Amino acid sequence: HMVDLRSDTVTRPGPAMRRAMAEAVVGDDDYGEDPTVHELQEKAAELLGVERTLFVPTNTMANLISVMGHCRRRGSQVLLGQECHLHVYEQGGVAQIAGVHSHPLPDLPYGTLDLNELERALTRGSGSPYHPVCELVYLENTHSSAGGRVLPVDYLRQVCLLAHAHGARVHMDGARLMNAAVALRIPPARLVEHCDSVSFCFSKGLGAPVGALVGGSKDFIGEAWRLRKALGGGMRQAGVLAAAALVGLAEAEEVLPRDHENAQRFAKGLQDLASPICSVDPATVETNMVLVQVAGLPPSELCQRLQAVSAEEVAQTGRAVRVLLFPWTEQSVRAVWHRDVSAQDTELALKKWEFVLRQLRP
């Protein structure tokens, strides 16, 4: 048995998705003739509260397009977080493709930026021609590096007021925006109301194989077409991929709560072990991610034992569970849940954790 808790991208297509792709009325998206792409775009337009949307291959390109479509002035700056995906895990494309300066701000605890330091950054070069013009504030809901932490609607409101005052636009990396709205029990459009543009991934928690989109005003999405074309994302018969995305877009309000519940149950069960090696605050688990603090054991070696299977595991637990994880920081590991991790898989991992912890118990 294998429980892959490394990321929510490993979701494989389900039966409904696989048929939807093969039963998809397709066309040339470059000519604007794929109806299944057109459906996904307009369904997500109402879901996200934006005028238009634009299907893109990845959410990485979705962010790259947004930065390029907002930060167009030569000498423009984006205000972003120090541990957001755009700054860390996107090859620095803000500079090597967009040519836009980045001023990162701290946000590690709760995925939020200090609105005082935001005001300080938005005002330092508010008019001076000696400083780059900050034209975009980049937010991440949920924040992946912080542990899937939800950004409150109130924090979203304040950021925009501060940004829109100093003449800057607001984009939200909504790679896990459905996870945030599921946790807050609010419609997803209430989080995007306080934004100019948004990104949205289908390949993560929703279960789709490939797909993402940019959302915003009709003009911003119209300018986004040329940027998607130039970056290499002008696919032809992409209604094959939009069909599976439409299925997961409809199954979000029933699949994602299960991943949050499995995350909470795991965090509780791991806390009920009281081990000096591993510590988890079940209240930090806001969505489908559990950040486990490891002490005394290198996070890489803990993952190695959770993935390994020994005869003694079959002695105490009875099963052979290979728990797959990623070491996140130097003292922590990250587990992420999805629709392909069952609730009994969650219990199987907890028992694998029990065995592993006891073997390395101080």
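One rule holds for the numbers: they count along the sequence shown, beginning at 1.
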- Of 202-210 and 250-258, the stretch with the higher mean C-alpha B-factor in the deposited entry is 250-258
- Message: Mean Cα B factor from the PDB record: higher for 51-59, or higher for 304-312?
- Response: 304-312
- Note on the structure: Residue set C134, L273, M235, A175, per-entry CA B-factor max assigned to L273
- Query: Between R72, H85, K229, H101, which one tops the list for C-alpha B-factor in the PDB entry?
  - Reply: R72
- Item | Third of the chain, ranked by Cα B-factor, where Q91 sits | lowest
- Message: Going by the CA temperature factor in the PDB record, which third of the chain does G27 belong to: lowest, middle or highest?
- Response: middle
- Query: Comparing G216 with the other modelled residues of its chain, is its CA B-factor in the lowest, middle or highest third?
  - Reply: lowest
- Item | Within-chain third of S128 by Cα B-factor, per the entry | highest
- Could you tell me which third, lowest, middle or highest, the C-alpha B-factor of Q331 occupies within its chain? highest
